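Asker: The structure's right below; bear with me while I get my questions together.
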Ligand SMILES: NC(=O)c1ccc[n+]([C@@H]2O[C@H](COP(=O)([O-])OP(=O)(O)OC[C@H]3O[C@@H](n4cnc5c(N)ncnc54)[C@H](O)[C@@H]3O)[C@@H](O)[C@H]2O)c1
Ligand code: NA
Ligand code: NA
Ligand code: NA
Ligand code: NA
Ligand code: NA
Ligand code: NA
Ligand code: NA
Ligand code: NA
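Okay, here's the thing in structure tokens:
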């Protein structure tokens, strides 16, 4: 019953060239669906439709209160279809059903948060420094927005972009990862049910290498919003520059998990596993870089390694499963290549580091949860985002050394500090160059607070009021209420 | 008594290669000063010093209240030295001394505004959706910032960047236009008198082609703030992408001056001259594109042309001067080439369009104030920013047509609507895709309100609270106040 | 099927003394229902329950997001029960069913607005002027709130108080007008369906003279929020002073309707009728004081008078009815007494000023729509709030005189300016000492914007962000992160 | 050289009846100065002048930027005259010169803060839920404000009221405590030097019993701002009610100083002395109610008592003095009466509790620093604000009991928690019903953050943005841009 087509200008349409793509379940590498594989001309048509819709004013000039009501209706549909959406996300991405349910709860809350925010702030009145003038700043929708999402949390990442775009009155063109389009197709069906003016929302399906440059480089786009890897992000930004187009980027990280000797030890072990291995480490927020105080380093490594051996791999639909497969053959190959890099530069693969042998896992894209030890900040395995079920462990002596090491990367997305000394944790948090810092927690983020990176982890923010602001533009309207001639130029 | 050197890491220093540049007065093309012409290694040293200073915390961890007091001290020095600063700006850039005084008054007010804003907003407390958590957003200085300014309003543009950078606790590296460094050198001397930690402020002098790429592309930069032309801006953005560096750009415009038939006619003529010819049209806010309602078009053209013939050209130091020279041989040549373009595509040079013949103007870079008529939106002369003492005049029939034509450019910086029907002016203002819209005024902007462009006129804002926000970064600190093990992974 | 009891500490309960009150329909003066008439001990028990619930934290420490979801659920129930609620409001208060439907649409929007606002703040991070300190302002629910509403728009006024109280996490005790409790009982039934912790919400039914002083004067109350008349409001404020309790008051007005000679004349006549006679003038926002420019005063009076003669009086349930009865015998008597005052001080009753004679209106509390002319600012009829279907008409010569007269009252709630000259309307609006000014409109207010009075019209605001803020209290938490002894006192 | 007169409507004037008052130095009870003792007619004249000035618009319509510049000029004058002002405050109030210097530094910062805030927020643009409307909220000065200050920190408390009143464009009438007018007279002289429109600022000198009711009860007042005791505050609020006038009250407190067994012990002793005895305990922020964990109660009492015996009493001008005299005979008598109350209800005067005998202290209004032990929450000595150099000590067993006891008073101004367990201190801080909570500090407050009380400690806030907001009023201006007749009433 799921659509196999793109959604352009109010219609479900095939690709202009009738091409298709088979979508795969990473658990067994079986084809689960076939969808349209769109062309660059389809993408251009969608952008032009979005522009036409924006200029018509049917959505952009709708009242903010009414826009909020429609975004709330989307939220309710997510909750109504929570089970089926979660199952589809697990089928498409491989992560556990429980993880998918949590995603759907978050997605409902994202739409609901932005629904509520829609009508809360139209700008400001400025006390003008010029007598006999009125000065106001009006906040308008930024315009036409292109939105590109990755394969790890397809619908969650889509919601972070769609909700504020709709709440503010923008028109959008979204393109999900070509290998994971299923939930994004479904959410477009649900949005269509709610009802938006023709051209306000558009869904393109296809390879980034075919349609991506149109989405980032088109002159009618006012904002490109992208979540993915650093290489694609940089390429998008350079293409966006051709029209001086606003960019919002979230590009992953090398997130430190800092564990002091006065941490609650079993909590720290639990959260080190959570940070490292949820969704097989395929998370922008993954705690791939463990920094542990020297005094407890050996204790910690032994404890972590013993637990990693017990992680239950399997089908995301099976209730006992703790960790599913990685997303694709290409991604598994990349993780495997990093194991070779790590060994060649002198690190130790303490546990894991290979494909599992078990019969029920042999047809899937599984990779064992892995701990890499005896490494240092100079190493590629420590500096680079592997985005797999892999953590490195480094020791540190002092609070100052923990901070130095944690900040010694090109990234700046998120991190954690574990210590029962809250004063110390707060000092460390203040010094980490990260968009989010958790004190005695991990992977906590939500619609109410902005998420994004310092340094190469991104530009701008998603979620919160700051997330909504990516979709607004300020206009200063200054009215002279007693205009007088300047009489500078001779008469 | 003015310094001839760069200011790097608390010391006035020559270029690493001892190279120098002769600075010219455009009124007579005479050499007025000789300054150091820095190298890319000087720029890198400055950026590294800025980073070191930032990490030291001496400025970034100073209280916001005290940072505000120092910014206020800069403001007071500008006012103290108003006369000498104005004279330097007029010598270096050619605009009238009266215009330069107005600039110094504005600059005082910019510093004073940001001094007052420094300690007014450290972030937010978030009502977390997770029980037993505290969520806060702390706003920190963005980090190390590079600041590149143009030749038209050197100190004014510098102040828009320096003031918020210092107020927020950033370290900065500034590079003024190579052809107009004098007031920027002077302001650095004044800042040095106020006293800032070593490395907090740095001044590089040199050609954009030699040191610009280091300033935009260095890994230790967190924000590149640029004001200038679109070609350089796009280039900067592409280079900034290499490290996913934030950019704030202001790139000029094709600003419409919309004159309805129910405008106060003599006011509209006065403001059309002001929009077209202040600083010989070398203004990001210049009203180069006049759109006049058809019913008064002939009346308007005759009136404007008659006034343009009376504009007094001369030395900026002479009180009777209404318009000085353009900035350089290269810029005058560009303006001259546009006259040829306009004629070839079928427009009429109604008045001006050449160098003036008068003896006292023959040694200077003068160009006559010009009105181009019988043109249309398809023409290069109408679409492209000439940045000279040149306006085009197009007619429109309806309010809808005025909006369409005004929005028919790649730019989106500022514009005006002249009409005694305020309701109509407000309708038009709401539909113009411009960062600033004046109703019955022109060239009005000030520290209290954000300034910047839609579309190819820029990214981000300068001035106002939004201007300060370019120099901040948000950090979400989430504390779990009752941490519990998740117990997801097997034990 | 409607409850007849109070709702105290999670239970529907009779009065402690078993007393009751008969509720009347003003259209026919028939008894329509009988409810409990509570005692001062019931009110005290409710306040103590509200305090106990607040201290338990079950609502006050619930997440803001979840509080918002519950307030949204109340909003949806209002819409679900729109027809029955509207009919009950018309039965109890006499206004037209069409007016009641509009109320129910507004009430839905009030709850929805506050539902969406619930989780959008939390407080601020302050950049502290003291080194080695953290400064934050946390916004908490104000505490226990008592809420007292009037008989004119019972559920609408209740919604303005309940929505923000619940959104912020307060516990509340509400007492509707003793003569119009029906829709307030119903909304409590609906809130019970949504589910709130025992003691969070409480409904007291009874005479202000019996239970009012407890509600305003109890030591466990943190805010008293009252909407009604000036005499009761002043009494409440004086009683609240005994515990230095916050007060939010809205006390009606003497609202000017300013009509210039360049107003759209038929619009001004239409809106003068709307301002004067909706709900038989029993509206805090009624335009009871018409100020009309002398040049059109005769034209205006004749046009208004001719229309007033055509106003259709009748049963609020009948679709042709334009104006229902007034609320009670006591109120009709008050209005009648004002007619005598007006004549005695020299004014003219130009039309109306008595009970209508028609057979179908004889059993109801009807009073004819009335226009009073030949009056001036010195008169009681002009200065005092009659709160009936009565308007006075005064002339003014100039814009300056209009402002002077409009501001010449003890009140300051709302007003309008009618003029096609928007600049003039804006000048006047800026000078009027009124919480709301309409330019070319009347009776426009909504959840998104604050409503309240200057001068004797009130203290504080309802609706908007400022309305929510009445229900919050600020706490500055300052942590010294490197505490040192002061060593002032000798050792 | 100091003025002896009132300042009314731009002129220094004596009392209407030529009455005067002798001002005393509490160190030696000698007459130090004689000032005018104004009449209620003088107060009325000042209020009418303030109203006339407000309506003139000369200050209320001045640009916010310029108002800020003038407030900054006042700040600079305070710093310029720091020495003389500090000496005058010490002469008039008795506190140490070092304390007075700190006050003057704080006062400079208060004026500077508000100077910087003046032009930062003129209101909001609202996204209206009604099509074809514009909705804006303009923030105006509240109007005419009366300001009444106490004798303990005369100029500091005056600055908290004057600075925001002037920044926002209000007109003000200030009346300092009749017994301590000196620095308030001086600051009026300084303000006059800056220059404000006639009637914008006014100073009344006299007994609260003679002129106070006019200041709180006059119909032309829009806000009464009072800092003092609860009895006077309640009386002011009841009088203000006569015109439904806004009130801002700060009425002192029973501030808890909570010391856990895991506090830094010597820090806690130091801060218990600071909280109890600065300005001889005559501070709204005094830590008069010490709550100490039972486990360390005996240790703490002995350590505190031993230190209290060493406190150096003397002349505020002498550098070795740690504590000066109390303010007046009447106040010393009140403190003495409380010693009798404490003993009669069963408490122990552990140290102090009498006038000192030493020869150099015999002519002054000295009272020994006192510690009261063996008391409980039921006692008047624990519940009531003594406002002298007196602390009570109660024990608590648990964190829960500490919170219960601390919240068991009618007040709610400020308090502290001392514990090295920052998580615990934060839990306690969140549960205390206090406007300010210090974690490991005491007496820390500043212009950047709001100060005020829950419960009987006050209404509203001073300092910070919220403090400025007491001096603003919101006006919703709603413009219908396409007005249509409603056609409800028959034609
Ligand atoms: N931040 C995150 O959540 C996240 C998610 C996925 C991957 N990554 C990182 O990126 C690495 C590479 O992953 P990847 O290559 O599979 O993902 P990617 O960075 O290319 O992101 C994929 C998305 O970008 C699109 N895309 C590709 N080329 C584009 C182009 N030229 N223009 C516009 N869009 C284009 C894809 O079609 C897809 O929608 C991963 O190993 C990981 O380190 C991060
Ligand atoms: Na898939
Ligand atoms: Na970045
Ligand atoms: Na030059
Ligand atoms: Na742009
Ligand atoms: Na009734
Ligand atoms: Na009032
Ligand atoms: Na004194
Ligand atoms: Na109170």
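Residue numbers (the entry's author numbering), protein chains in the order written: chain C, 6 to 496; chain D, 6 to 496; chain B, 6 to 496; chain A, 6 to 496. Positions of the beta carbon are idealized from the N, C-alpha and C atoms, including for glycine.
Report the residue ranges of all alpha helix (DSSP H) runs contained in full by the stretch 405 to 437 of chain C; include only those spanning at least 4 residues, in chain order.
Answerer: Qualifying alpha helix (DSSP H) stretches, in chain order: 427 to 436.
Asker: Would you say the beta carbon of residue 226/A is closer than 7 Å to some non-hydrogen atom of ligand 7?
Answerer: Position 221 of the fourth chain holds residue 226/A. It does not: the Cβ of residue 226/A is nowhere closer than 7 Å to a heavy atom of ligand 7.
Asker: Are there any heavy atoms of ligand 9 lying less than 7 Å away from the beta-carbon of residue 250/B, as far as the coordinates show?
Answerer: Residue numbering aside, residue 250/B sits at position 245 when the third chain is read from its first letter. Yes - ligand 9 has a heavy atom lying nearer than 7 Å to the Cβ of residue 250/B.
Asker: If I'm right that residue 155/C touches residue 475/C with Cβ under 8 Å, what's the distance once you round it to whole angstroms?
Answerer: Counting from 1 along the first chain, the entry for residue 155/C is found at position 150. Counting from 1 along the first chain, the entry for residue 475/C is found at position 470. Rounded, the Cβ-Cβ distance is 18 Å, inconsistent with contact.
Asker: If contact means a Cβ-Cβ distance below 7 Å, which residues of the stretch 414 to 440 of chain A contact chain C?
Answerer: Within the stretch 414 to 440 of chain A, the residues whose Cβ lies closer than 7 Å to some Cβ of chain C are 427 and 428, listed in chain order.
Asker: When you compare the CB positions of residue 173/A and residue 473/A, do they come within less than 8 Å of one another, or not?
Answerer: Indexing the fourth chain from 1 puts residue 173/A at position 168. Indexing the fourth chain from 1 puts residue 473/A at position 468. Contact: yes.
Asker: Considering just the uninterrupted stretch of the beta strand (DSSP E) at residue 231/A, what are its terminal residues?
Answerer: As a working mapping, residue 231/A is identified with position 226 in the fourth chain. Its beta strand (DSSP E) spans residues 228 to 232.
Asker: Hey, out of 142/A, 377/A and 124/A, whose CA is closest to residue 345/A's CA?
Answerer: Mapped onto the fourth chain, residue 345/A falls at position 340. The candidate whose alpha carbon is nearest that of residue 345/A is 377/A.
Asker: Taking the DSSP output, what are the residues bridged to residue 35/A?
Answerer: Translated into positions along the fourth chain, residue 35/A becomes position 30. Answer is 30/A, bridged to residue 35/A.
Asker: When we look at the beta-carbon of residue 132/C and count the other beta-carbons within 10 Å, is it buried (16 or more) or exposed?
Answerer: Taking the first residue of the first chain as position 1, residue 132/C is located at position 127. By the neighbour-count rule (16 or more Cβ atoms within 10 Å), residue 132/C is buried.
Asker: Is the distance from the Cβ of residue 84/B to the Cβ of residue 199/B below 8 Å?
Answerer: For the purposes of this step, residue 84/B is taken as residue 79 along the third chain, with counting starting at 1. For the purposes of this step, residue 199/B is taken as residue 194 along the third chain, with counting starting at 1. In this structure, residue 199/B does not lie closer than 8 Å to residue 84/B by Cβ.
Asker: For residue 126/A, is the classification buried or exposed, using 16 other Cβ atoms within 10 angstroms of its Cβ as the cut-off for buried?
Answerer: Against the fourth chain, residue 126/A aligns to sequence position 121. Classification for residue 126/A: buried.
Asker: Report yes or no: is there a C-beta of chain A within less than 8 Å of the C-beta of residue 69/C?
Answerer: Looking up residue 69/C in the first chain gives position 64. Yes, residue 69/C counts as interfacial toward chain A.
Asker: Helix, strand or coil for residue 237/A per DSSP?
Answerer: Taking the fourth chain and counting its residues from 1, the one referred to as residue 237/A is at position 232. Helix at residue 237/A.
Asker: Within 10 angstroms of its Cβ, does residue 484/C collect 16 or more other Cβ (buried), or is it exposed?
Answerer: Looking up residue 484/C in the first chain gives position 479. Looking at its Cβ environment, which holds 16 or more other Cβ atoms inside 10 Å, residue 484/C is buried.
Asker: Measuring CB to CB, does residue 417/C end up less than 8 Å from residue 438/C?
Answerer: Along the first chain, read from residue 1 onward, the residue named residue 417/C stands at position 412. Along the first chain, read from residue 1 onward, the residue named residue 438/C stands at position 433. In this structure, residue 438/C lies closer than 8 Å to residue 417/C by Cβ.
Asker: With respect to 7 Å, is the separation between the Cβ of residue 362/D and the closest non-hydrogen atom of ligand 4 below this value?
Answerer: Taking the first residue of the second chain as 1, we reach residue 362/D at position 357. No, Cβ of residue 362/D sits at least 7 Å from all heavy atoms of ligand 4.
Asker: Can you tell me whether residue 384/A is helix, strand or coil according to DSSP?
Answerer: In the fourth chain, residue 384/A corresponds to position 379, counting from 1. Looking at residue 384/A - three-state DSSP - the assignment turns out to be coil, as it is neither helix nor strand.
Asker: Give every residue of the same chain whose Cβ lies closer than 6 Å to the Cβ of residue 307/B, excluding the five residues on either side of it in the sequence, and list them in chain order.
Answerer: Within the third chain, the letter at position 302 stands for residue 307/B. No residues qualify anywhere along the chain.
Asker: Against chain D, does residue 73/A count as a neighbour if the rule is that its beta carbon must be under 8 Å from one of theirs?
Answerer: As a position in the fourth chain, residue 73/A is number 68, starting the count at 1. Judged by the 8 Å Cβ criterion, residue 73/A is in contact with chain D.
Asker: Residue range of the beta strand (DSSP E) that residue 152/C falls in?
Answerer: Along the first chain, one-based indexing puts residue 152/C at 147. Residue 152/C -> beta strand (DSSP E) spans 149 to 153.
Asker: Identify every run of the alpha helix (DSSP H) within the stretch 230 to 313 of chain B, keeping only runs that are complete inside it and at least 4 residues long; order them along the chain.
Answerer: Whole alpha helix (DSSP H) segments, 4+ residues: 235 to 245, 270 to 282 and 302 to 313.
Asker: Is the Cβ-Cβ distance between residue 392/C and residue 187/C less than 8 Å?
Answerer: To locate residue 392/C, count along the first chain from 1; it is residue 387. To locate residue 187/C, count along the first chain from 1; it is residue 182. Not in contact: residue 392/C and residue 187/C (Cβ atoms no closer than 8 Å).
Asker: Could you pull the start and end residues of the alpha helix (DSSP H) that residue 489/A belongs to?
Answerer: In the fourth chain, residue 489/A corresponds to position 484, counting from 1. Element bounds for residue 489/A: n/a, residue is neither H nor E.
Asker: If you reduce the DSSP assignment to three classes, tell me which class residue 324/A lands in.
Answerer: Indexing the fourth chain from 1 puts residue 324/A at position 319. Looking at residue 324/A - three-state DSSP - the assignment turns out to be coil, as it is neither helix nor strand.
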